[PDB]
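There is one chain below, alone, in structure tokens, taken in the form deposited in one PDB entry.
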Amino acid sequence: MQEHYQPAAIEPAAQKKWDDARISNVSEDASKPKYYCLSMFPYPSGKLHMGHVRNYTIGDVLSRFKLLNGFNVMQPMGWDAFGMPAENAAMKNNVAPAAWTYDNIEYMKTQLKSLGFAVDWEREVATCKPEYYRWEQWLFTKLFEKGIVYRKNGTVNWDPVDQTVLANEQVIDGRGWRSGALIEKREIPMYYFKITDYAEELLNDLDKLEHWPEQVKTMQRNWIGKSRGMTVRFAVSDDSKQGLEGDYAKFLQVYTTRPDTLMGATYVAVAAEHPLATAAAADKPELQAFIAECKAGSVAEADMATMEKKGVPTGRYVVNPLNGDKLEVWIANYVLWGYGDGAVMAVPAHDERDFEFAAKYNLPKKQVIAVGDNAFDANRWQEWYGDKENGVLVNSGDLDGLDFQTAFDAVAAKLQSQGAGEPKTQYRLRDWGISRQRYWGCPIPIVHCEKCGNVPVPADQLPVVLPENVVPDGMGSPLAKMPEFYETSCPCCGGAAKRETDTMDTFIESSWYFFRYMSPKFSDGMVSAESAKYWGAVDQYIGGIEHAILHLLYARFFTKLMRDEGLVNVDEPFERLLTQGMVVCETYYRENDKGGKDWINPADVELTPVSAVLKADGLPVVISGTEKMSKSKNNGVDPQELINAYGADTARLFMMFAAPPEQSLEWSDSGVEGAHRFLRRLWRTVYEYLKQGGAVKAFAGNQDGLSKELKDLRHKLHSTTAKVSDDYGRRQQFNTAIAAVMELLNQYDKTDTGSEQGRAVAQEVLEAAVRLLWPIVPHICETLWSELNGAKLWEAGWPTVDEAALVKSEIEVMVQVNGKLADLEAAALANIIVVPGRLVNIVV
């Protein structure tokens, strides 16, 4: 055994030993209990970053911990290959997106293997391969027949200069982020998943997820946005029926979740596309310009609530069916056509948005809810204004004194009696649009024929192979410019027809890849029935918090779709969910030629501890703030440089010890050095122990007769084992488990283990510590274990707690006062000589 710890001399040997034993290549073996630990598979963008290292180290700690506990652990990894990154690099570097993707896959796979992740590479998948996406094309065709997938016209943001469709997040002030040209709203036929058919199931099944973070479940509930409200119809006044047709001439229908406050409505609002808005804007140009502004807007969903709420009066009026008030109709920008009836009512006294809206335009406010003796102020909003739980109605006629639920039912009774309203259930959730006007994505298996219509590609002809021999130029997606691809024959009649040129939303691949891992080479279906029955669901899911809404909802949606097709048995894909934080780092810059900043990468910077310069020379740089690593401010630390400088074990240890998984991880040069220095300490501790006698049989069994010092070391040992086990299994806080082993090594360093019984306890301490740290730093622990013990580490298993080493030994002492019945004197004083161990007498 070499004296000094050298990672490059032990890490490749440890990986070859694990590969030889095939400890990570698992099968559907009914002997050992299964465990499915899954980390979110990455985009093959080129190289790993620190977020990748953090995610897959967390997954490897939990996987190796379960493997040591006797579980048949599957930890698969694949590549979320489709998407825009390959197309942008294709235009920038004049290469094909497929070749660019496959080269990144090979390089990134080498990095993951070098990190020593216990991954079953025989289950590797690449979502851009036809052997993978043929099965989502298959599920598409099956749901298209059932109507779960359907085709209708939608509105997109078209960029006329870059010649492609843009999301709202890519539109800035009505212009494209790259071209800067005004975008054009265009209606085109697109495909949709009818996810709203599963809204109630996707919402209620969240209650089954007892091992999910409360906020992830809360965020999905708000996204689905189920509400139990009331449809209300306000009759249009006879003086406001100009330009109206049909039921819009008779009434204005709205939806409200607060029908208990219907007596407090002071005005109503409609969307820009509403027929009432159209009829009132016929002779008013200010209303026309306001309708145009609402249509031209491209506010993202994450920003719809933070935009300035603006409205315009119409001069049209409607009548409240309860109290008979005549309310003016307003056109507002926060009312969305397609949500409900495209029109709402407004109660400024009990809705904060209506309060700010009414305060802006001096619209009336009518208090109809009271909570205790709290005073009501029409000029200042208070939080109790919106209380649904502890409020009673006021100024509501015969509804006064009623609580929320009974007033709700009373309003429903009155409205249904007049035929002016009825209870109604609504959801904020929209249907899932999956059509993408891009090349590098899964082709939609639809053929357009003028005789047969939109026809799904038959099951025998799947996949519809995306041609890889394409280099996109940036003048429209190539699939629309490639007749050799879209020109085909109709599979129903054999006549001239054209393939669909749009590709699938890349979230589709990430919505079912966890099932494909169970049988990645299965060519008769999405997942073999035998594999899905054995692996069931994912036991542990690890990934970034930014996927808590869309991705997880899509995966839960796809799991229930595949379940109803008879492919899988479970209702939920992920039992336990671990959401990790981001990795942040310092930023550096030199000031610009024209009053600006130019950001420098930290790896090209050297500090003094004060100022900092760049290593190539000595010209100083300005140290700026800390934030998430990104190419925006050039502060991403390449993990390959960290692996080259210190080795894989140091990287893994720093990621786990710097911050808990949920907390943000701050990059620290001083922190990485401490991690590497602790590995040097662990190596020297084992070396110096073996250099003083060699390995012995670890202490086990009756600890009677052991010294107090060695009994105290065993107590710390098995309490550390119990602490680490509860950290890996229950708390999933790994930096405290590292600190717990550090405390065990500290007490070991302070304990004389030179005697024969001492070296047996020292052997027991070291054999436990290297197994307690093996999930985090497996290379050095595997190397040290083989020096301490000849048995296979994974066959020795997770260290067991010795409960006997946790009991404390005191002596039963009797007391007597005047004949009749230091440390022992203070106890018997809290009940003057003392005979050692047996009696104590209190000479009273």
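If you superpose the two forms and keep the largest set of C-alpha atoms that fall within 1.5 Å, you have the rigid core. Residues carry their position along the shown sequence, with the first being 1.
Omitted here: the form deposited in another entry. The next part is about that form.
A 2 Å or larger CA shift between the shown form and the other one, after fitting on the rigid core, occurs at just one of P213, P130, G154, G311, namely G311.
A displacement of less than 2 angstroms separates the C-alpha positions of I508 between the shown form and the other one, with the rigid core held in common.
Put the two forms on the same core and the Cα of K284 is off by 2 Å or more between the shown form and the other one. After superposing the rigid core, the Cα of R178 is displaced by 2 Å or more between the shown form and the other one.
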